[PDB]
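A.B. asks: What follows is my_file06.pdb, made up of PDB, C-alpha atoms:
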ATOM      1  CA  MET Y   7      -1.429  51.916  -9.155  1.00  0.00           C
ATOM      2  CA  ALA Y   8      -2.569  55.345  -7.969  1.00  0.00           C
ATOM      3  CA  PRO Y   9      -6.123  54.791  -6.564  1.00  0.00           C
ATOM      4  CA  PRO Y  10      -9.036  56.910  -7.811  1.00  0.00           C
ATOM      5  CA  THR Y  11      -9.026  58.964  -4.613  1.00  0.00           C
ATOM      6  CA  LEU Y  12      -5.445  60.050  -5.360  1.00  0.00           C
ATOM      7  CA  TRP Y  13      -6.307  61.040  -8.931  1.00  0.00           C
ATOM      8  CA  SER Y  14      -9.355  62.925  -7.539  1.00  0.00           C
ATOM      9  CA  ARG Y  15      -6.925  65.275  -5.843  1.00  0.00           C
ATOM     10  CA  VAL Y  16      -5.742  66.491  -9.266  1.00  0.00           C
ATOM     11  CA  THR Y  17      -7.865  69.455 -10.135  1.00  0.00           C
ATOM     12  CA  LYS Y  18      -8.136  71.791 -13.080  1.00  0.00           C
ATOM     13  CA  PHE Y  19      -6.853  75.204 -12.040  1.00  0.00           C
ATOM     14  CA  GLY Y  20      -5.981  78.323 -13.985  1.00  0.00           C
ATOM     15  CA  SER Y  21      -3.958  77.454 -17.054  1.00  0.00           C
ATOM     16  CA  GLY Y  22      -3.063  74.024 -15.700  1.00  0.00           C
ATOM     17  CA  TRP Y  23      -3.773  71.932 -12.644  1.00  0.00           C
ATOM     18  CA  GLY Y  24      -3.199  71.693  -8.928  1.00  0.00           C
ATOM     19  CA  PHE Y  25      -3.353  69.062  -6.197  1.00  0.00           C
ATOM     20  CA  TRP Y  26      -5.229  68.739  -2.931  1.00  0.00           C
ATOM     21  CA  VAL Y  27      -2.643  67.634  -0.393  1.00  0.00           C
ATOM     22  CA  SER Y  28      -5.288  67.591   2.338  1.00  0.00           C
ATOM     23  CA  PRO Y  29      -8.786  68.902   2.930  1.00  0.00           C
ATOM     24  CA  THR Y  30      -7.414  72.452   3.331  1.00  0.00           C
ATOM     25  CA  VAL Y  31      -4.164  72.597   1.333  1.00  0.00           C
ATOM     26  CA  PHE Y  32      -3.880  72.929  -2.425  1.00  0.00           C
ATOM     27  CA  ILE Y  33      -0.588  73.107  -4.306  1.00  0.00           C
ATOM     28  CA  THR Y  34       0.096  74.178  -7.879  1.00  0.00           C
ATOM     29  CA  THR Y  35       2.735  75.681 -10.129  1.00  0.00           C
ATOM     30  CA  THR Y  36       3.133  79.385  -9.803  1.00  0.00           C
ATOM     31  CA  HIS Y  37       2.954  80.265 -13.474  1.00  0.00           C
ATOM     32  CA  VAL Y  38      -0.484  78.624 -13.869  1.00  0.00           C
ATOM     33  CA  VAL Y  39      -2.102  80.579 -11.058  1.00  0.00           C
ATOM     34  CA  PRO Y  40      -4.705  83.073 -12.316  1.00  0.00           C
ATOM     35  CA  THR Y  41      -3.611  86.610 -11.714  1.00  0.00           C
ATOM     36  CA  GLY Y  42      -5.981  89.516 -11.137  1.00  0.00           C
ATOM     37  CA  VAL Y  43      -8.823  87.604  -9.454  1.00  0.00           C
ATOM     38  CA  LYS Y  44     -10.254  87.985  -5.926  1.00  0.00           C
ATOM     39  CA  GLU Y  45     -11.287  84.434  -5.043  1.00  0.00           C
ATOM     40  CA  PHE Y  46     -10.114  80.848  -5.562  1.00  0.00           C
ATOM     41  CA  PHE Y  47     -12.652  77.998  -5.395  1.00  0.00           C
ATOM     42  CA  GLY Y  48     -15.260  80.471  -4.072  1.00  0.00           C
ATOM     43  CA  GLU Y  49     -13.101  81.661  -1.173  1.00  0.00           C
ATOM     44  CA  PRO Y  50     -11.937  85.268  -0.924  1.00  0.00           C
ATOM     45  CA  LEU Y  51      -8.155  85.733  -1.023  1.00  0.00           C
ATOM     46  CA  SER Y  52      -8.235  87.255   2.473  1.00  0.00           C
ATOM     47  CA  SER Y  53      -9.376  83.853   3.789  1.00  0.00           C
ATOM     48  CA  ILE Y  54      -6.513  81.904   2.158  1.00  0.00           C
ATOM     49  CA  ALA Y  55      -2.909  81.692   3.324  1.00  0.00           C
ATOM     50  CA  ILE Y  56      -0.921  81.816   0.116  1.00  0.00           C
ATOM     51  CA  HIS Y  57       2.752  80.946  -0.076  1.00  0.00           C
ATOM     52  CA  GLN Y  58       4.715  81.151  -3.269  1.00  0.00           C
ATOM     53  CA  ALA Y  59       8.362  80.178  -3.533  1.00  0.00           C
ATOM     54  CA  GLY Y  60       9.683  80.081  -7.053  1.00  0.00           C
ATOM     55  CA  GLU Y  61       7.397  77.857  -9.127  1.00  0.00           C
ATOM     56  CA  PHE Y  62       5.799  76.247  -6.126  1.00  0.00           C
ATOM     57  CA  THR Y  63       2.568  77.720  -4.829  1.00  0.00           C
ATOM     58  CA  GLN Y  64       0.631  76.550  -1.771  1.00  0.00           C
ATOM     59  CA  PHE Y  65      -2.856  77.653  -0.721  1.00  0.00           C
ATOM     60  CA  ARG Y  66      -4.189  76.895   2.752  1.00  0.00           C
ATOM     61  CA  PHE Y  67      -7.925  77.481   3.003  1.00  0.00           C
ATOM     62  CA  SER Y  68      -9.813  78.387   6.178  1.00  0.00           C
ATOM     63  CA  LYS Y  69     -12.239  75.499   5.830  1.00  0.00           C
ATOM     64  CA  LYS Y  70     -12.262  71.885   4.656  1.00  0.00           C
ATOM     65  CA  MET Y  71     -12.656  72.200   0.927  1.00  0.00           C
ATOM     66  CA  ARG Y  72     -12.065  68.459   0.309  1.00  0.00           C
ATOM     67  CA  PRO Y  73     -13.130  66.616   3.507  1.00  0.00           C
ATOM     68  CA  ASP Y  74     -13.149  63.350   1.600  1.00  0.00           C
ATOM     69  CA  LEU Y  75      -9.320  63.366   1.672  1.00  0.00           C
ATOM     70  CA  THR Y  76      -6.778  62.271   4.219  1.00  0.00           C
ATOM     71  CA  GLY Y  77      -3.868  64.612   4.636  1.00  0.00           C
ATOM     72  CA  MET Y  78      -0.730  63.539   2.734  1.00  0.00           C
ATOM     73  CA  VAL Y  79       2.842  64.386   3.515  1.00  0.00           C
ATOM     74  CA  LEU Y  80       4.183  67.159   1.331  1.00  0.00           C
ATOM     75  CA  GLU Y  81       7.931  66.781   1.014  1.00  0.00           C
ATOM     76  CA  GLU Y  82      10.392  69.407  -0.100  1.00  0.00           C
ATOM     77  CA  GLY Y  83      11.372  67.398  -3.151  1.00  0.00           C
ATOM     78  CA  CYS Y  84      12.939  64.016  -2.843  1.00  0.00           C
ATOM     79  CA  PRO Y  85      16.285  62.313  -3.092  1.00  0.00           C
ATOM     80  CA  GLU Y  86      18.054  61.817  -6.384  1.00  0.00           C
ATOM     81  CA  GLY Y  87      17.096  58.416  -7.861  1.00  0.00           C
ATOM     82  CA  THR Y  88      13.521  58.410  -6.443  1.00  0.00           C
ATOM     83  CA  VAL Y  89      10.965  57.033  -8.885  1.00  0.00           C
ATOM     84  CA  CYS Y  90       7.926  59.279  -8.970  1.00  0.00           C
ATOM     85  CA  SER Y  91       4.704  59.222 -10.866  1.00  0.00           C
ATOM     86  CA  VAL Y  92       3.493  62.439 -12.429  1.00  0.00           C
ATOM     87  CA  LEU Y  93      -0.317  62.279 -12.219  1.00  0.00           C
ATOM     88  CA  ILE Y  94      -1.183  64.103 -15.413  1.00  0.00           C
ATOM     89  CA  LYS Y  95      -4.842  64.692 -16.298  1.00  0.00           C
ATOM     90  CA  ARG Y  96      -5.760  65.936 -19.722  1.00  0.00           C
ATOM     91  CA  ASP Y  97      -8.712  68.237 -20.442  1.00  0.00           C
ATOM     92  CA  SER Y  98     -10.447  65.315 -22.254  1.00  0.00           C
ATOM     93  CA  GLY Y  99     -10.402  63.349 -18.978  1.00  0.00           C
ATOM     94  CA  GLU Y 100      -7.588  61.016 -20.017  1.00  0.00           C
ATOM     95  CA  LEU Y 101      -5.269  59.960 -17.185  1.00  0.00           C
ATOM     96  CA  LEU Y 102      -1.606  59.945 -18.146  1.00  0.00           C
ATOM     97  CA  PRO Y 103       0.563  58.784 -15.248  1.00  0.00           C
ATOM     98  CA  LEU Y 104       4.228  59.070 -16.072  1.00  0.00           C
ATOM     99  CA  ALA Y 105       6.939  57.184 -14.248  1.00  0.00           C
ATOM    100  CA  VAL Y 106      10.089  59.277 -13.886  1.00  0.00           C
ATOM    101  CA  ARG Y 107      13.425  58.851 -12.157  1.00  0.00           C
ATOM    102  CA  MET Y 108      14.329  62.069 -10.389  1.00  0.00           C
ATOM    103  CA  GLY Y 109      17.620  63.936 -10.405  1.00  0.00           C
ATOM    104  CA  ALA Y 110      18.836  66.013  -7.485  1.00  0.00           C
ATOM    105  CA  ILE Y 111      17.192  69.216  -6.301  1.00  0.00           C
ATOM    106  CA  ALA Y 112      18.919  71.911  -8.319  1.00  0.00           C
ATOM    107  CA  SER Y 113      18.626  75.489  -9.454  1.00  0.00           C
ATOM    108  CA  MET Y 114      16.653  75.956 -12.673  1.00  0.00           C
ATOM    109  CA  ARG Y 115      15.951  79.085 -14.675  1.00  0.00           C
ATOM    110  CA  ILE Y 116      12.197  79.177 -15.280  1.00  0.00           C
ATOM    111  CA  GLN Y 117      10.410  82.313 -16.474  1.00  0.00           C
ATOM    112  CA  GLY Y 118      12.997  84.923 -15.609  1.00  0.00           C
ATOM    113  CA  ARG Y 119      14.524  83.710 -12.387  1.00  0.00           C
ATOM    114  CA  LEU Y 120      16.176  80.786 -10.652  1.00  0.00           C
ATOM    115  CA  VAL Y 121      13.879  78.426  -8.804  1.00  0.00           C
ATOM    116  CA  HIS Y 122      14.231  75.161  -6.934  1.00  0.00           C
ATOM    117  CA  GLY Y 123      13.361  72.141  -8.981  1.00  0.00           C
ATOM    118  CA  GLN Y 124      14.204  68.570  -9.755  1.00  0.00           C
ATOM    119  CA  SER Y 125      14.573  67.066 -13.213  1.00  0.00           C
ATOM    120  CA  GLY Y 126      12.996  63.746 -14.050  1.00  0.00           C
ATOM    121  CA  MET Y 127      13.693  61.406 -16.917  1.00  0.00           C
ATOM    122  CA  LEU Y 128      10.833  59.297 -18.064  1.00  0.00           C
ATOM    123  CA  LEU Y 129      11.851  55.769 -17.080  1.00  0.00           C
ATOM    124  CA  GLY Y 140       5.140  63.327 -23.757  1.00  0.00           C
ATOM    125  CA  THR Y 141       3.973  66.258 -21.612  1.00  0.00           C
ATOM    126  CA  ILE Y 142       2.438  69.519 -22.759  1.00  0.00           C
ATOM    127  CA  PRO Y 143       2.363  73.046 -21.281  1.00  0.00           C
ATOM    128  CA  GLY Y 144      -1.190  72.505 -20.067  1.00  0.00           C
ATOM    129  CA  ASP Y 145       0.051  69.721 -17.787  1.00  0.00           C
ATOM    130  CA  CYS Y 146       1.768  72.203 -15.472  1.00  0.00           C
ATOM    131  CA  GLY Y 147       0.702  71.845 -11.908  1.00  0.00           C
ATOM    132  CA  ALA Y 148       0.358  68.054 -11.961  1.00  0.00           C
ATOM    133  CA  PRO Y 149       1.796  66.418  -8.875  1.00  0.00           C
ATOM    134  CA  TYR Y 150       4.898  64.277  -8.544  1.00  0.00           C
ATOM    135  CA  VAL Y 151       4.079  61.489  -6.064  1.00  0.00           C
ATOM    136  CA  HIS Y 152       5.647  58.377  -4.630  1.00  0.00           C
ATOM    137  CA  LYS Y 153       5.170  55.956  -1.687  1.00  0.00           C
ATOM    138  CA  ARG Y 154       6.518  56.239   1.814  1.00  0.00           C
ATOM    139  CA  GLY Y 155       5.605  52.732   2.998  1.00  0.00           C
ATOM    140  CA  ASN Y 156       1.888  52.405   2.348  1.00  0.00           C
ATOM    141  CA  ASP Y 157       1.276  56.160   2.318  1.00  0.00           C
ATOM    142  CA  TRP Y 158       1.455  58.387  -0.743  1.00  0.00           C
ATOM    143  CA  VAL Y 159       3.639  61.451  -0.538  1.00  0.00           C
ATOM    144  CA  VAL Y 160       3.786  64.417  -2.885  1.00  0.00           C
ATOM    145  CA  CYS Y 161       7.117  66.136  -3.559  1.00  0.00           C
ATOM    146  CA  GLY Y 162       6.510  68.746  -6.252  1.00  0.00           C
ATOM    147  CA  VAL Y 163       4.400  70.069  -9.091  1.00  0.00           C
ATOM    148  CA  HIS Y 164       5.098  69.881 -12.802  1.00  0.00           C
ATOM    149  CA  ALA Y 165       6.658  73.148 -14.014  1.00  0.00           C
ATOM    150  CA  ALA Y 166       8.581  72.628 -17.255  1.00  0.00           C
ATOM    151  CA  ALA Y 167       9.903  70.176 -19.798  1.00  0.00           C
ATOM    152  CA  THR Y 168      12.837  70.227 -22.182  1.00  0.00           C
ATOM    153  CA  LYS Y 169      12.363  71.107 -25.835  1.00  0.00           C
ATOM    154  CA  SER Y 170      13.204  67.491 -26.736  1.00  0.00           C
ATOM    155  CA  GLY Y 171      10.643  66.296 -24.167  1.00  0.00           C
ATOM    156  CA  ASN Y 172      12.799  63.573 -22.576  1.00  0.00           C
ATOM    157  CA  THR Y 173      13.186  65.588 -19.319  1.00  0.00           C
ATOM    158  CA  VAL Y 174      10.511  66.997 -17.050  1.00  0.00           C
ATOM    159  CA  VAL Y 175      10.977  69.439 -14.209  1.00  0.00           C
ATOM    160  CA  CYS Y 176       9.024  69.604 -11.018  1.00  0.00           C
ATOM    161  CA  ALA Y 177       9.073  72.632  -8.873  1.00  0.00           C
ATOM    162  CA  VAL Y 178       9.771  72.009  -5.220  1.00  0.00           C
ATOM    163  CA  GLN Y 179       9.412  73.962  -2.002  1.00  0.00           C
ATOM    164  CA  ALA Y 180      12.419  75.976  -0.817  1.00  0.00           C
TER     165      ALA Y 180
END
Re-express the file's structure as structure tokens.
C.D. replies:
Amino acid sequence: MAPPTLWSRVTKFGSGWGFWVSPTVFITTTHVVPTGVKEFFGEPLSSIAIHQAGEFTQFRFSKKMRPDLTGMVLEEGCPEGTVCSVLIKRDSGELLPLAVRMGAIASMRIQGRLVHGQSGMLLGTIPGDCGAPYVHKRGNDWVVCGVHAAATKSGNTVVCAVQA
């Protein structure tokens, strides 16, 4: 369902993953971002516009890092009832797309503060999956609406972080 180009946007990053929204914009989950380094993907921090809001982190690079990609719409979450796919890659290379029905954008306590997020109920994630994108269609275009940030103890509910 997701073409290979879409999966190719999902990229190992820090303690999890992130997602190339366009040639210059990379999104990930805040808690997976390496701390105490001076460069991401070979580019010095001073050359990257970095925005972090709760568990959503966006990097905008000063050059086309992934020119093979078209730019995708990044939404600030999505409406309750949206069916999204979480494009989970595993370190072995296995692709694990999960279909989830989303709840409403709500306040969730993740790692010591409240952040914006949306719950999803699988219509089997692990900590290392954080940063995987939640995507869906807008007509024939793919849109991305958040990044994987948490899951319930039981496992039946996932949380994606969304922009504020």
A.B. asks: Evaluated on this file, the PyMOL selection byres ((chain Y and resi 28) around 9) picks out some residues - which ones are they, written as an MDAnalysis selection string?
C.D. replies: chainID Y and resid 15 25:27 29:32 70:79
A.B. asks: Quick one: pull the distance between CA of residue 178 (chain Y) and CA of residue 98 (chain Y), Å, one decimal.
C.D. replies: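 Between CA of residue 178 (chain Y) and CA of residue 98 (chain Y) the gap is 27.3 Å.
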A.B. asks: For residue 20 (chain Y), which residue out of Y:171, Y:144, Y:85, Y:149 is the nearest one, using only C-alpha atoms?
C.D. replies: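 Smallest separation from residue 20 (chain Y) among the options: Y:144.
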A.B. asks: Could you work out an axis-aligned bounding box for all listed atoms of region 48-56 of chain Y, with 3 Å added on each of the six sides, and give its centre and edge lengths in Å to one decimal, as lines of an AutoDock Vina configuration file?
C.D. replies:
center_x = -8.1
center_y = 83.9
center_z = -0.1
size_x = 20.3
size_y = 12.8
size_z = 13.9
A.B. asks: Translate the PyMOL selection byres ((chain Y and resi 54) around 12) into a concrete residue list for this structure, as a PDB file with C-alpha atoms, in the coordinates of the input.
C.D. replies:
ATOM      1  CA  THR Y  30      -7.414  72.452   3.331  1.00  0.00           C
ATOM      2  CA  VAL Y  31      -4.164  72.597   1.333  1.00  0.00           C
ATOM      3  CA  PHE Y  32      -3.880  72.929  -2.425  1.00  0.00           C
ATOM      4  CA  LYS Y  44     -10.254  87.985  -5.926  1.00  0.00           C
ATOM      5  CA  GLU Y  45     -11.287  84.434  -5.043  1.00  0.00           C
ATOM      6  CA  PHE Y  46     -10.114  80.848  -5.562  1.00  0.00           C
ATOM      7  CA  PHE Y  47     -12.652  77.998  -5.395  1.00  0.00           C
ATOM      8  CA  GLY Y  48     -15.260  80.471  -4.072  1.00  0.00           C
ATOM      9  CA  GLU Y  49     -13.101  81.661  -1.173  1.00  0.00           C
ATOM     10  CA  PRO Y  50     -11.937  85.268  -0.924  1.00  0.00           C
ATOM     11  CA  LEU Y  51      -8.155  85.733  -1.023  1.00  0.00           C
ATOM     12  CA  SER Y  52      -8.235  87.255   2.473  1.00  0.00           C
ATOM     13  CA  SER Y  53      -9.376  83.853   3.789  1.00  0.00           C
ATOM     14  CA  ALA Y  55      -2.909  81.692   3.324  1.00  0.00           C
ATOM     15  CA  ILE Y  56      -0.921  81.816   0.116  1.00  0.00           C
ATOM     16  CA  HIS Y  57       2.752  80.946  -0.076  1.00  0.00           C
ATOM     17  CA  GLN Y  64       0.631  76.550  -1.771  1.00  0.00           C
ATOM     18  CA  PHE Y  65      -2.856  77.653  -0.721  1.00  0.00           C
ATOM     19  CA  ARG Y  66      -4.189  76.895   2.752  1.00  0.00           C
ATOM     20  CA  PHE Y  67      -7.925  77.481   3.003  1.00  0.00           C
ATOM     21  CA  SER Y  68      -9.813  78.387   6.178  1.00  0.00           C
ATOM     22  CA  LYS Y  69     -12.239  75.499   5.830  1.00  0.00           C
ATOM     23  CA  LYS Y  70     -12.262  71.885   4.656  1.00  0.00           C
ATOM     24  CA  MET Y  71     -12.656  72.200   0.927  1.00  0.00           C
TER      25      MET Y  71
END
A.B. asks: Report as a PyMOL selection string all protein, DNA and RNA residues lying within 12 Å of residue 113 (chain Y), evaluated on all atoms listed in the file, omitting residues in the same chain fewer than 5 positions from it.
C.D. replies: chain Y and resi 60-61+119-125+175-180
A.B. asks: Determine, counting all atoms listed in the file, every residue of protein, DNA or RNA that lies within 7 Å of (1.7, 59.4, -13.5) in the file coordinates, then give the result as a list in words.
C.D. replies: residues 91, 92, 93, 94, 102, 103, 104 and 105 of chain Y
A.B. asks: Any chance you could resolve the PyMOL selection byres ((chain Y and resi 172) around 8) against this file and give the residues as a ChimeraX atom specification?
C.D. replies: /Y:127-128,140,167-168,170-171,173-174
A.B. asks: May I ask which of the residues Y:7, Y:111, Y:142, Y:106 is the closest one to residue 165 (chain Y), counting only C-alpha atoms?
C.D. replies: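 Closest to residue 165 (chain Y) of all the choices is Y:142.
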A.B. asks: If you count only C-alpha atoms, which residues fall within 6 Å of residue 150 (chain Y), apart from same-chain ones fewer than 5 positions away, as a PyMOL selection string?
C.D. replies: chain Y and resi 90-92+160-163
A.B. asks: Dump C-alpha atoms for the selected residues as a PDB file, in the frame of the given file?
C.D. replies:
ATOM      1  CA  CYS Y  90       7.926  59.279  -8.970  1.00  0.00           C
ATOM      2  CA  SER Y  91       4.704  59.222 -10.866  1.00  0.00           C
ATOM      3  CA  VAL Y  92       3.493  62.439 -12.429  1.00  0.00           C
ATOM      4  CA  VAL Y 160       3.786  64.417  -2.885  1.00  0.00           C
ATOM      5  CA  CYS Y 161       7.117  66.136  -3.559  1.00  0.00           C
ATOM      6  CA  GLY Y 162       6.510  68.746  -6.252  1.00  0.00           C
ATOM      7  CA  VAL Y 163       4.400  70.069  -9.091  1.00  0.00           C
TER       8      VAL Y 163
END
A.B. asks: Between CA of residue 112 (chain Y) and CA of residue 157 (chain Y), measure the distance and give it in Å to one decimal.
C.D. replies: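 CA of residue 157 (chain Y) lies 25.9 Å from CA of residue 112 (chain Y).
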